[PDB]
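Peer 1: Below is one structure. I have some questions about it.
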Amino acid sequence: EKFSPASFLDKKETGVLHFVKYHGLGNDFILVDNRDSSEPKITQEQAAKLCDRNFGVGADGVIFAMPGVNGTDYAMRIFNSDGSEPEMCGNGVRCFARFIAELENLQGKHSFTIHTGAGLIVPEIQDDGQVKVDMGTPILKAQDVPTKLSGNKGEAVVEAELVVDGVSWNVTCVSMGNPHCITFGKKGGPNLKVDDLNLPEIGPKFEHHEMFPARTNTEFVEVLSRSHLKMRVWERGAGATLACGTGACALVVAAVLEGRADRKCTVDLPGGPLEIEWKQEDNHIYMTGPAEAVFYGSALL
Amino acid sequence: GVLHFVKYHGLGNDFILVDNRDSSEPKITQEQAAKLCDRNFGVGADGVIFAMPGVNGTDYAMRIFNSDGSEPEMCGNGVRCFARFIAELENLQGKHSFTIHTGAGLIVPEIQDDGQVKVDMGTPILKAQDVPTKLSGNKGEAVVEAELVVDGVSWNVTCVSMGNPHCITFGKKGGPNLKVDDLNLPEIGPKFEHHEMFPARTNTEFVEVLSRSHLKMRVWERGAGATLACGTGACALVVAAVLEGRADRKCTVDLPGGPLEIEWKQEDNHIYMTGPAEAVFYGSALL
Amino acid sequence: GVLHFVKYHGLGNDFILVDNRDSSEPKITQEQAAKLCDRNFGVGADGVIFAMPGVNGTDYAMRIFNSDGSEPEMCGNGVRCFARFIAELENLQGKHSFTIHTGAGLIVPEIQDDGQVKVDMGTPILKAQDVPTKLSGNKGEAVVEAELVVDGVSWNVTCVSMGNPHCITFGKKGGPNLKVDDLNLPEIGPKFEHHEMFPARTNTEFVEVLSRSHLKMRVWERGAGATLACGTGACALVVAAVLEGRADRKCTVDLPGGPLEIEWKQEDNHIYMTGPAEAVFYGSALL
Amino acid sequence: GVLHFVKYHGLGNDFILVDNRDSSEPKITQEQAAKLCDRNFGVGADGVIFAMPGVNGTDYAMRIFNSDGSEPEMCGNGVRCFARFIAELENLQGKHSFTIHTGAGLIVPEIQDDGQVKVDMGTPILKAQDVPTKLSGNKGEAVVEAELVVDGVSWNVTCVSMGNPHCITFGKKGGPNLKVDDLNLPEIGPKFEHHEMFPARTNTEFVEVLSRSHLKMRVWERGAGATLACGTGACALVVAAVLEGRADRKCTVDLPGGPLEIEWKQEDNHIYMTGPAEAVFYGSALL
Amino acid sequence: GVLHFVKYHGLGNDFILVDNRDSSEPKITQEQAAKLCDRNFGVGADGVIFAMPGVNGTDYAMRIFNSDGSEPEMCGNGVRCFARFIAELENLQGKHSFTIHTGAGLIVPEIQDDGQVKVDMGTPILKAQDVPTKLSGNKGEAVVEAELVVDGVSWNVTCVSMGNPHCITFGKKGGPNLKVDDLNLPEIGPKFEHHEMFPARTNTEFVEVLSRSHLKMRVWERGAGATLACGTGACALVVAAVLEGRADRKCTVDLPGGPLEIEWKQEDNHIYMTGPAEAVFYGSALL
Amino acid sequence: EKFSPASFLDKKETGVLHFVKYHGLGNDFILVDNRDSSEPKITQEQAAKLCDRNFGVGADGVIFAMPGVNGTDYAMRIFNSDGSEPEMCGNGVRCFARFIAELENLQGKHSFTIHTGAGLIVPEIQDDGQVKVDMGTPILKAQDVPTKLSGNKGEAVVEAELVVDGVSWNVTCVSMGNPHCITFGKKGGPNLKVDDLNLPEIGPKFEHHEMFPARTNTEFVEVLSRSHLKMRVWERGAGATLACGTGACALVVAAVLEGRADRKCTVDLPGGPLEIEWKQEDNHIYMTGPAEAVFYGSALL
Ligand SMILES: C[C@@](N)(CCC[C@H](N)C(=O)O)C(=O)O
Ligand SMILES: C[C@@](N)(CCC[C@H](N)C(=O)O)C(=O)O
Ligand SMILES: C[C@@](N)(CCC[C@H](N)C(=O)O)C(=O)O
Ligand SMILES: C[C@@](N)(CCC[C@H](N)C(=O)O)C(=O)O
Ligand SMILES: C[C@@](N)(CCC[C@H](N)C(=O)O)C(=O)O
Ligand SMILES: C[C@@](N)(CCC[C@H](N)C(=O)O)C(=O)O
């Protein structure tokens, strides 16, 4: 043993974080009641540590229920498991909805207005207990995705060439607050057999691509029918997760723009299906999916 | 239902510890444990460890369920967490040791001054049929650096039991030393785990000797996969290293999650393992 | 003066336990105990129990003072608290049994895995004169379903001693079964307690048979009144139930504060009582 | 958890006093208080009293939880115990007085030379709706000797508040004086306590006049039952006795546990109550 | 290196206690102990006390190093701290006694209800050469009120051993009683400590009789200087007081740090010492 | 045993303080990490008890590492062993430096800015491991020392007569934030043989002298050479300690003012030497000495 005053004091400074674990189709998060302030109870660094699955609580991210902004019922902020802060989370907002209904003991259908870095999001707990969320309107303007790729269909990047590690892929870029790069295959290549991809190998090349200043989420898609899409995703700062709500919304948008599918689809994600719909009437995207509580606890900080 | 527990981890090998001192019957089923161990849909862990009432005079008894639901007969990293768990529940202070009854027999963990836990892991079992393994003993009834054909490739392995089965290898037959980090465990691991020569499956540790008192390893556990550490595995590989004449009885073993001090005493044939154990959080899971 | 103690209760029968292992003489007088037991002006309890040094080789000895100051020869709920008290003092975890000398002879409680205590309450005493009672034995020297005139009303009672005296009744002579909850204990109880047929007063338990293995009761204790439970009383009433042929040797007894598992083994003629015992608080009272 | 406290009693009205000067929020919940007040399964008391930090300039603040968990706005016997508590904690000897903020407003206890505590219990509230009661005021806005139909029987009552509600009766309508000891409180009491005419329930005191300066009473408290004494109740009944013209402003009130000196000063409308308070024991309870 | 320990003090006589139950040899050297005892450059203490494994059947053994590094054969204040120290390591509650092997023989401390410790300090050794002292016995084989020339000045002293040597004086030869607080210990003390008549040096206690059952003292310890208290010293001075006919066998001894109750029972010739012992802090020191 | 509800409640209401023990030339302190609050973790009364060498941890004082103030890396506050709070501590700030370096795992040379009651103090760990501290500039104005003695050399009190218990001594007063009374002997008397002084007897007479409203530290000095001074000190609220950093600085200032020594001196204190230099260039005083950790632990409050 070594004499180390530093280590001694470290193992003394204690803190505790109370939370509830939820998951939306396998995309699991640590939800914390932060309605007592507009400042997150923990730092991004602490969140990263708590998300470690072996040394911490383990999750794809930490979601804070914050006080409303501009009159919304609440505000939501989230930290990825890598510590970065994205502007929205689809599976997360569904868990957020149930987390709220539990904290307020609300029964039945209920909708809340949530302020997020992506704008106004409005989830509504259905009767079946599922959650249908108004993910807002998609951003197609290239520079606002943001991507340095040049719009090749208006100001939008649709099925445009992206050179990834020397290989030419075709991608479509759309933002749901956070950036998404959707691809249905390589340029001049066949359809994808999503399960045959080596995500941990190809994913990082898209995530940190120079054409995406704020990095990006990437979803690989294989069309099963014009109303049935299968996908896998490599998230910005979270890796290969079992599901991504904003990503499912973005890929349906991309599928429509590329003319491969209708505005209403059933997206099969690794952890399960989501019902997505891009209402042409208002240009809003609606996402319907489950959300479940797993356990609640107190972690050391 | 609800299950109250405390999350601990020994060098990254994380477990769900539950106070089951009121009954000799585990509070949850093996199936429930498997679900709780799912990292995305459950609490997430390599296993569930129950602190049970003593047996035949021991202070306590320990039972564990792997993340796949199977029940192994011992767990080194887990017993270290078990000792600290008891110390917390009983609010004990300072050095304390406990007698624990396990599927491997008597195990005695002792909390050190520095907060680590030195455990008497018992004695290694080398008789082939008791490991158990169907490989023939080539050194007495022990299997030492014997040929094992895995998916058509000949590897050399040594088998030793610490209650649970272990298959240790320092490389392929007629091959060079291993660069453990270059192995593709999820690919090679399952071939050892479910090998026909291991009736109850086996834990497998790949080792590269750094010195006669310093070994580096990686492990593919039975029913738990590639974990960050394995206490019984670190004990078994030191035994194998000694039997193969590659290292001394006292070694520092480097596992993915950190080091463990191992010593196989010739004076009594017992193996002592010293390492850390830390609480992470505590909670209540829905059942 | 100051008295350090720990408050325990067995099914609501609460006691003040004191560590008196330093002397075979109680730290306080019976008068002091009576004052400490007052629920408004004192600590409040049904009695004070002293853990004393062993006698004739027993691990310990137990003495108790009722809340009225009198000293009974045994206490079932109290001996269960006694066992847990010692365990807390000596850091005894898990199952443990102790030999205890009492005014009723040897008593051997054993802490169970679930924290309850199974006690070997010895053998019952049925000889009339030793209960003691002046009623004449009508079945050998035992008083079974014999007529007892209480305040001019004829009741049928069975007398049995568990060290202390018990008068068990299942109803009036030539009357129907009892609806125990309809009885006015503070009115009828004292008439049995100080009855001339009981030289040392007696404990009285009223019973209503629910089944041959399930009995419901209420008790008016000697010097303690209507308590929530009485261990020796539950044992005595099962004995009486068997002697009167109303129930079997193994019964669940429902007392106001909860259930007890009683069994009068025909194999050894011993009675076993199993039930809980819980610590409430510890303090110091002014003497 | 564990709660440290000191047991006190004022004429038999016993309480659990806790030093809560470190926070403005009670250390325990109302539910926990109810459990701690259980006399067999808990510490046993008529209530829990917290010594809290001053408010708007007062030396301290007091909050109390009845043994049923509800929170009344004041407690006479309790504030006297509160005075001794503080004096004991601050080591104050001799005459001393503190300003205490309560749900009834400012209350000022003063320890006398003889050791007893004289308390300025504030002024009585007589406006019906503020008591509160749904009975209609028949003497100004006050309810004095007004008819109250209890379980079909007509009683005459007077309502007055000392922060908490009180229903005082000297007998049934058109009936003779009461022989308070002949009443069956557990039977009649609950009918007043939960009467529909008392939205927040009420404390009820039954009185029999011995002389115009000597009153005897018994009380059925809201959420506490038949206690040995009630300070706010003794103040309220003197007020009622005066309003009904049965007694003078200065009286000796005999409560089951002892007497209290009460004076309703016409000079300032304040009521002063003088009585004892004594520590009994102290300890730590398990939560 | 690092040394984990707990700081305790008995009436101001402070020590560094270390859990040495693992080995029969002290974790640190006498030189290291001397350095750790330095109050400015080290932890600061009058000595280091090791809790060692039992010898010849005793529960434990105790060894101590003075702040100067020398090893005395016993320590009264220290054994009281030892008892409470062990109580924690064994998670014991309440009264409990331990048998301890020391260089003075068997010592039996017993924890009392008030947290104090009553210790059976064994029997005193009065045989001159066994104290040891070179002074000739003038009362049997004992040195009682014998002349000792210190730096040319004649003092009268009584020698007694409690395992360790003690030189007690009530004043100079042919001189008046002492006003202990007027002595200049750092000046006179060393002259006694290293006196040629004490081969193993000696502890010296200066005493002034207040009554035949009340003695006041100051002490200059061998290898520790002027400490706030000395348990063996208090025992020895009572023995000396009795032998010189100045006091009774039962006395209250006032030491700079506080009082001790000493009793030299004629019944068995054993000396009993009761005093406090308190933990101060837990620490790890650099070695 | 007496029934005491108060004593009972006091005993169960105990806390804990984690700390590290350091010493600078024998002047030992209890250092506590108080960077998470601008308020000291313990009261002055508690500090006094912890400093008791037999009933407590034992130290000349408690030093708190506090958060920076108006642009400093940290702030330092100290409580004497008697509980009073001085405005600075030389030996303590050197221990403070190593404490921080150890907590921040800083290796090699490092300097920090510290806010104290005497102003800005800047300790700098040297390459040799010693700590050289910029102790600031001395305060010589009589009323600001503070002392009621009249200035006899400008606004400064230099070799002025001080009647102590009827005996006339000559003293020089200087402040290093805290007050110092330096004397090289009695008025009209010979040089001092510092080791022959009876500090516990003479010290208190200076400490509580009526001419020192806030009490004072007193250092007795004997000149060995114009660059070598020997001293002993009786500190305000701490008694005869083995060393005093602010005291060593103050006595060099006094020695210079009285023309007895140069501006660069080696000062010998009971516990060891200190290198002191009063730079004429900037009027700042620099003190160089050691600091060592001894042990760490948790004390009951
Ligand atoms: C997949 C996701 N959780 C998105 C998380 C945010 C993403 N990792 C980002 O950094 O853009 C969701 O919408 O459900
Ligand atoms: C690695 C291990 N956790 C062993 C767990 C049991 C193993 N998975 C098996 O099935 O034998 C340990 O010893 O520390
Ligand atoms: C009911 C009892 N506490 C008996 C107490 C003794 C009884 N009051 C008596 O005087 O015999 C028990 O056995 O548990
Ligand atoms: C009788 C009482 N304790 C009152 C307690 C509060 C009462 N139970 C209520 O609920 O108003 C007092 O004033 O001394
Ligand atoms: C005073 C003492 N600590 C004795 C310590 C041993 C003594 N310094 C010696 O050397 O004999 C005690 O008995 O309490
Ligand atoms: C000697 C000192 N520790 C000063 C401590 C403060 C002094 N006791 C005072 O009260 O001014 C230092 O500067 O090193």
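Quick note on naming: the chains in the structure tokens go A, B, ... in the order shown, residues restart at 1 in each chain, and ligands are numbered from 1 in order of appearance.
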Can you show chain B as a compact mmCIF listing (two decimals) with C-alpha atoms, in the first residue's frame once it has been least-squares superposed onto chain C, using every C-alpha atom paired in order?

Peer 2:
# COMPACT_ATOMS: atom_id res chain seq x y z
CA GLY B 1 -29.56 6.24 39.09
CA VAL B 2 -29.93 5.17 35.45
CA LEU B 3 -31.01 1.93 33.79
CA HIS B 4 -29.82 1.19 30.28
CA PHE B 5 -32.10 -1.14 28.35
CA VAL B 6 -33.42 -2.16 24.97
CA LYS B 7 -37.14 -2.33 24.18
CA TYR B 8 -38.39 -5.45 22.43
CA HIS B 9 -41.79 -6.93 21.73
CA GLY B 10 -43.04 -10.35 20.79
CA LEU B 11 -46.31 -10.00 18.89
CA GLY B 12 -47.09 -6.85 20.87
CA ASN B 13 -46.14 -8.29 24.26
CA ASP B 14 -43.47 -5.62 24.89
CA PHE B 15 -40.63 -5.80 27.40
CA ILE B 16 -37.71 -3.87 28.78
CA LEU B 17 -34.58 -6.02 28.36
CA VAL B 18 -31.53 -5.35 30.49
CA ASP B 19 -28.03 -6.77 30.30
CA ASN B 20 -27.58 -8.24 33.78
CA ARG B 21 -24.83 -10.70 32.85
CA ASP B 22 -22.44 -9.24 35.43
CA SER B 23 -24.47 -10.39 38.44
CA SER B 24 -27.02 -12.94 39.62
CA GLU B 25 -28.77 -10.06 41.39
CA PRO B 26 -31.27 -8.03 39.29
CA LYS B 27 -30.11 -4.45 38.79
CA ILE B 28 -33.48 -3.06 39.89
CA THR B 29 -36.09 -3.98 42.48
CA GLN B 30 -39.53 -5.32 41.69
CA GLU B 31 -41.01 -2.02 42.85
CA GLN B 32 -38.77 -0.11 40.44
CA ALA B 33 -39.78 -2.46 37.63
CA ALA B 34 -43.45 -1.78 38.32
CA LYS B 35 -42.81 1.97 38.04
CA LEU B 36 -40.75 1.60 34.86
CA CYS B 37 -43.56 -0.41 33.29
CA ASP B 38 -46.12 2.38 33.82
CA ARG B 39 -46.92 3.46 30.30
CA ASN B 40 -47.50 7.14 31.09
CA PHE B 41 -45.18 7.83 34.01
CA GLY B 42 -42.51 5.31 33.06
CA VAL B 43 -40.97 3.57 30.06
CA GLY B 44 -44.04 1.41 29.51
CA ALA B 45 -43.98 -2.37 29.12
CA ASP B 46 -45.65 -5.62 30.14
CA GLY B 47 -42.53 -6.54 32.05
CA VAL B 48 -38.78 -6.29 32.61
CA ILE B 49 -36.53 -9.16 31.52
CA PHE B 50 -32.99 -9.64 32.83
CA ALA B 51 -30.30 -11.57 30.98
CA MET B 52 -28.38 -13.18 33.84
CA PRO B 53 -25.36 -15.47 34.12
CA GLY B 54 -25.88 -19.16 33.51
CA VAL B 55 -26.90 -21.58 36.23
CA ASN B 56 -25.78 -25.18 36.66
CA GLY B 57 -24.16 -25.11 33.26
CA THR B 58 -26.67 -23.14 31.14
CA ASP B 59 -25.45 -20.38 28.83
CA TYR B 60 -27.64 -17.87 30.66
CA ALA B 61 -30.44 -17.45 33.16
CA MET B 62 -33.56 -15.36 32.72
CA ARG B 63 -35.65 -13.61 35.32
CA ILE B 64 -38.65 -11.42 34.67
CA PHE B 65 -40.81 -9.00 36.63
CA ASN B 66 -44.42 -8.43 35.51
CA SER B 67 -45.61 -4.86 35.03
CA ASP B 68 -47.24 -5.21 38.45
CA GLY B 69 -43.92 -6.17 39.99
CA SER B 70 -44.60 -9.87 40.66
CA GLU B 71 -42.08 -12.39 39.34
CA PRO B 72 -43.41 -15.15 37.04
CA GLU B 73 -41.36 -18.28 36.37
CA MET B 74 -41.23 -18.01 32.55
CA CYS B 75 -42.20 -15.93 29.56
CA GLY B 76 -42.50 -17.25 26.02
CA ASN B 77 -42.59 -14.01 24.04
CA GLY B 78 -39.92 -12.69 26.36
CA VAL B 79 -37.49 -15.57 25.89
CA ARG B 80 -37.72 -15.03 22.12
CA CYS B 81 -36.73 -11.38 22.64
CA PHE B 82 -34.05 -12.62 25.03
CA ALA B 83 -32.47 -14.74 22.28
CA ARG B 84 -32.32 -11.85 19.81
CA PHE B 85 -31.07 -9.56 22.60
CA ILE B 86 -28.12 -11.88 23.21
CA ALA B 87 -27.48 -12.18 19.47
CA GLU B 88 -27.29 -8.39 19.30
CA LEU B 89 -25.14 -7.92 22.39
CA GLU B 90 -22.72 -10.59 21.15
CA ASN B 91 -23.21 -9.59 17.53
CA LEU B 92 -23.87 -13.22 16.62
CA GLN B 93 -24.84 -14.03 13.04
CA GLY B 94 -26.99 -16.80 11.68
CA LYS B 95 -28.62 -19.63 13.63
CA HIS B 96 -27.74 -19.81 17.33
CA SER B 97 -29.40 -21.52 20.27
CA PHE B 98 -28.83 -20.96 23.98
CA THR B 99 -29.55 -22.90 27.14
CA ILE B 100 -31.46 -20.73 29.59
CA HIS B 101 -32.21 -21.43 33.23
CA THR B 102 -35.60 -20.10 34.31
CA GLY B 103 -38.11 -20.57 37.11
CA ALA B 104 -39.68 -23.24 34.90
CA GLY B 105 -36.43 -25.11 34.37
CA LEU B 106 -34.41 -25.40 31.15
CA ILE B 107 -35.65 -23.38 28.18
CA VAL B 108 -33.85 -23.48 24.82
CA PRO B 109 -34.56 -20.77 22.24
CA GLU B 110 -33.11 -21.15 18.75
CA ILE B 111 -32.86 -18.31 16.24
CA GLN B 112 -34.12 -19.47 12.85
CA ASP B 113 -32.93 -18.47 9.40
CA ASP B 114 -35.98 -16.29 8.81
CA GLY B 115 -35.11 -14.43 12.00
CA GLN B 116 -37.85 -16.00 14.13
CA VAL B 117 -37.14 -17.97 17.25
CA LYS B 118 -38.17 -21.56 17.83
CA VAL B 119 -38.20 -22.29 21.54
CA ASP B 120 -38.16 -25.57 23.43
CA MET B 121 -40.56 -24.51 26.19
CA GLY B 122 -40.00 -27.67 28.18
CA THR B 123 -42.80 -30.01 29.24
CA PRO B 124 -46.29 -29.15 30.58
CA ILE B 125 -47.14 -29.79 34.23
CA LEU B 126 -50.65 -31.16 34.75
CA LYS B 127 -50.67 -32.31 38.38
CA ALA B 128 -53.27 -30.01 39.98
CA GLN B 129 -51.32 -29.21 43.13
CA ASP B 130 -48.24 -28.33 41.08
CA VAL B 131 -50.03 -25.93 38.73
CA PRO B 132 -50.97 -24.87 41.39
CA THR B 133 -54.74 -25.07 41.69
CA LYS B 134 -57.11 -26.22 44.41
CA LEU B 135 -59.47 -27.71 41.85
CA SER B 136 -59.57 -31.52 42.06
CA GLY B 137 -58.17 -33.55 39.23
CA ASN B 138 -60.92 -35.22 37.21
CA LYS B 139 -58.57 -36.87 34.73
CA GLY B 140 -55.86 -38.46 36.75
CA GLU B 141 -54.41 -35.62 38.81
CA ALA B 142 -55.04 -33.23 35.93
CA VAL B 143 -57.89 -30.74 35.83
CA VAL B 144 -59.49 -31.07 32.41
CA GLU B 145 -62.74 -29.34 31.44
CA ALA B 146 -63.62 -29.16 35.14
CA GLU B 147 -66.23 -26.85 36.65
CA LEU B 148 -64.98 -23.55 38.05
CA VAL B 149 -67.54 -21.22 39.62
CA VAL B 150 -66.56 -17.68 38.75
CA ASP B 151 -68.62 -14.96 40.44
CA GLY B 152 -71.52 -17.41 40.68
CA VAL B 153 -71.30 -18.58 37.05
CA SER B 154 -70.11 -22.09 36.15
CA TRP B 155 -67.28 -22.23 33.61
CA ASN B 156 -65.36 -25.30 32.45
CA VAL B 157 -61.59 -24.97 32.60
CA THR B 158 -58.42 -26.98 32.10
CA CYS B 159 -55.33 -26.18 34.17
CA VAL B 160 -51.77 -26.56 32.96
CA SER B 161 -48.47 -25.10 34.06
CA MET B 162 -45.56 -24.06 31.86
CA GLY B 163 -43.73 -23.10 34.99
CA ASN B 164 -46.35 -20.40 35.49
CA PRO B 165 -50.07 -21.22 36.00
CA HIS B 166 -52.63 -21.24 33.22
CA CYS B 167 -56.39 -21.63 33.29
CA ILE B 168 -57.77 -22.36 29.82
CA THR B 169 -61.44 -22.26 28.93
CA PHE B 170 -63.36 -22.90 25.73
CA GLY B 171 -66.62 -21.69 27.26
CA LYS B 172 -69.06 -21.85 30.17
CA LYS B 173 -70.27 -25.17 31.50
CA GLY B 174 -73.10 -26.33 29.29
CA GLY B 175 -72.55 -23.30 27.10
CA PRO B 176 -71.77 -22.69 23.38
CA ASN B 177 -68.37 -22.01 21.82
CA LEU B 178 -66.86 -18.62 22.56
CA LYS B 179 -66.60 -15.59 20.32
CA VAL B 180 -63.46 -14.46 22.09
CA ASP B 181 -63.66 -10.91 20.71
CA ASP B 182 -67.07 -10.47 22.35
CA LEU B 183 -65.66 -11.01 25.84
CA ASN B 184 -65.12 -8.12 28.22
CA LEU B 185 -61.70 -9.13 29.54
CA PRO B 186 -61.20 -6.28 31.98
CA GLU B 187 -64.44 -7.39 33.58
CA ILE B 188 -64.20 -11.21 33.53
CA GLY B 189 -60.40 -11.47 33.61
CA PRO B 190 -59.74 -10.32 37.22
CA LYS B 191 -62.29 -12.84 38.50
CA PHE B 192 -60.17 -15.68 37.12
CA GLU B 193 -56.81 -14.12 37.96
CA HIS B 194 -57.51 -13.74 41.69
CA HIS B 195 -59.84 -16.72 41.98
CA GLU B 196 -59.56 -18.53 45.31
CA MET B 197 -58.89 -21.79 43.43
CA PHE B 198 -55.54 -20.36 42.25
CA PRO B 199 -53.23 -19.76 45.25
CA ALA B 200 -50.58 -18.02 43.15
CA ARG B 201 -53.15 -16.37 40.89
CA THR B 202 -53.26 -17.50 37.29
CA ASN B 203 -53.05 -16.47 33.66
CA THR B 204 -56.29 -17.10 31.80
CA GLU B 205 -56.73 -17.78 28.13
CA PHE B 206 -60.09 -17.84 26.36
CA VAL B 207 -60.12 -19.94 23.23
CA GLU B 208 -62.31 -20.49 20.20
CA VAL B 209 -61.45 -23.40 17.91
CA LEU B 210 -61.29 -22.51 14.23
CA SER B 211 -60.11 -25.99 13.22
CA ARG B 212 -58.26 -28.88 14.84
CA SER B 213 -55.01 -27.12 13.92
CA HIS B 214 -56.09 -23.49 14.20
CA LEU B 215 -57.03 -21.81 17.50
CA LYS B 216 -57.89 -18.17 18.25
CA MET B 217 -57.39 -16.76 21.74
CA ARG B 218 -57.29 -13.78 24.05
CA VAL B 219 -55.58 -13.70 27.39
CA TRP B 220 -55.83 -11.98 30.74
CA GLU B 221 -52.39 -12.38 32.29
CA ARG B 222 -51.51 -12.62 35.91
CA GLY B 223 -50.17 -9.21 36.89
CA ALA B 224 -50.12 -7.82 33.33
CA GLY B 225 -53.73 -7.72 32.20
CA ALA B 226 -54.96 -8.02 28.62
CA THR B 227 -51.77 -8.27 26.59
CA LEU B 228 -51.47 -8.68 22.83
CA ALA B 229 -49.89 -12.13 23.23
CA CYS B 230 -48.60 -14.75 25.67
CA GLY B 231 -46.19 -17.46 24.64
CA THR B 232 -46.53 -19.75 27.66
CA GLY B 233 -50.26 -19.19 27.35
CA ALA B 234 -50.33 -20.32 23.71
CA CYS B 235 -48.44 -23.47 24.71
CA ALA B 236 -50.77 -24.19 27.62
CA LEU B 237 -53.94 -23.73 25.57
CA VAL B 238 -52.75 -26.15 22.89
CA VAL B 239 -52.08 -28.69 25.64
CA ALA B 240 -55.59 -28.09 26.99
CA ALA B 241 -57.10 -28.29 23.51
CA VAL B 242 -55.45 -31.69 23.03
CA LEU B 243 -56.47 -32.96 26.48
CA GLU B 244 -60.07 -31.94 25.78
CA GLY B 245 -59.85 -33.58 22.37
CA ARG B 246 -60.64 -30.36 20.50
CA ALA B 247 -57.40 -30.09 18.51
CA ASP B 248 -54.20 -31.83 17.41
CA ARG B 249 -50.75 -31.48 18.96
CA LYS B 250 -49.59 -29.13 16.19
CA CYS B 251 -51.52 -25.87 15.85
CA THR B 252 -51.32 -22.33 14.66
CA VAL B 253 -52.50 -20.07 17.49
CA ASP B 254 -53.91 -16.64 16.65
CA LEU B 255 -53.27 -14.11 19.39
CA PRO B 256 -54.33 -10.44 19.32
CA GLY B 257 -50.90 -9.39 18.11
CA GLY B 258 -50.34 -12.20 15.60
CA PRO B 259 -49.80 -16.00 15.21
CA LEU B 260 -47.54 -18.49 16.94
CA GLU B 261 -46.74 -22.02 15.83
CA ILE B 262 -47.15 -24.53 18.62
CA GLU B 263 -46.35 -28.23 18.73
CA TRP B 264 -46.57 -30.52 21.74
CA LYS B 265 -44.43 -33.51 20.70
CA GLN B 266 -45.56 -36.87 22.04
CA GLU B 267 -42.10 -38.25 21.33
CA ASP B 268 -40.63 -36.37 24.29
CA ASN B 269 -43.57 -34.40 25.76
CA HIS B 270 -41.76 -31.10 25.04
CA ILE B 271 -43.61 -28.11 23.56
CA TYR B 272 -42.06 -26.03 20.78
CA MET B 273 -43.14 -22.47 20.09
CA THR B 274 -42.05 -20.47 17.07
CA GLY B 275 -42.69 -16.76 16.67
CA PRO B 276 -41.13 -13.33 15.99
CA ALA B 277 -39.31 -10.84 18.20
CA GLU B 278 -38.30 -7.30 17.22
CA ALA B 279 -36.24 -4.54 18.81
CA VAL B 280 -38.07 -1.20 19.01
CA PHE B 281 -35.71 1.30 20.63
CA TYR B 282 -33.10 1.54 23.34
CA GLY B 283 -32.67 4.01 26.15
CA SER B 284 -31.68 5.04 29.65
CA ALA B 285 -34.34 5.52 32.27
CA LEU B 286 -34.03 7.60 35.40
CA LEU B 287 -34.40 5.58 38.61

Peer 1: After least-squares alignment of chain F to chain A over all Cα atoms in order, what RMSD do you get?

Peer 2: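 Least-squares fit of chain F onto chain A, C-alpha RMSD 0.4 Å.
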
Peer 1: Based on the backbone DSSP call, show me all residues of stretch 121-282 of chain D assigned alpha helix (DSSP H), as a list in words.

Peer 2: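 Residues of stretch 121-282 of chain D classed as alpha helix (DSSP H): residues 185, 186, 187, 188, 189, 190, 191, 192, 193, 231, 232, 233, 234, 235, 236, 237, 238, 239, 240, 241, 242 and 243 of chain D.
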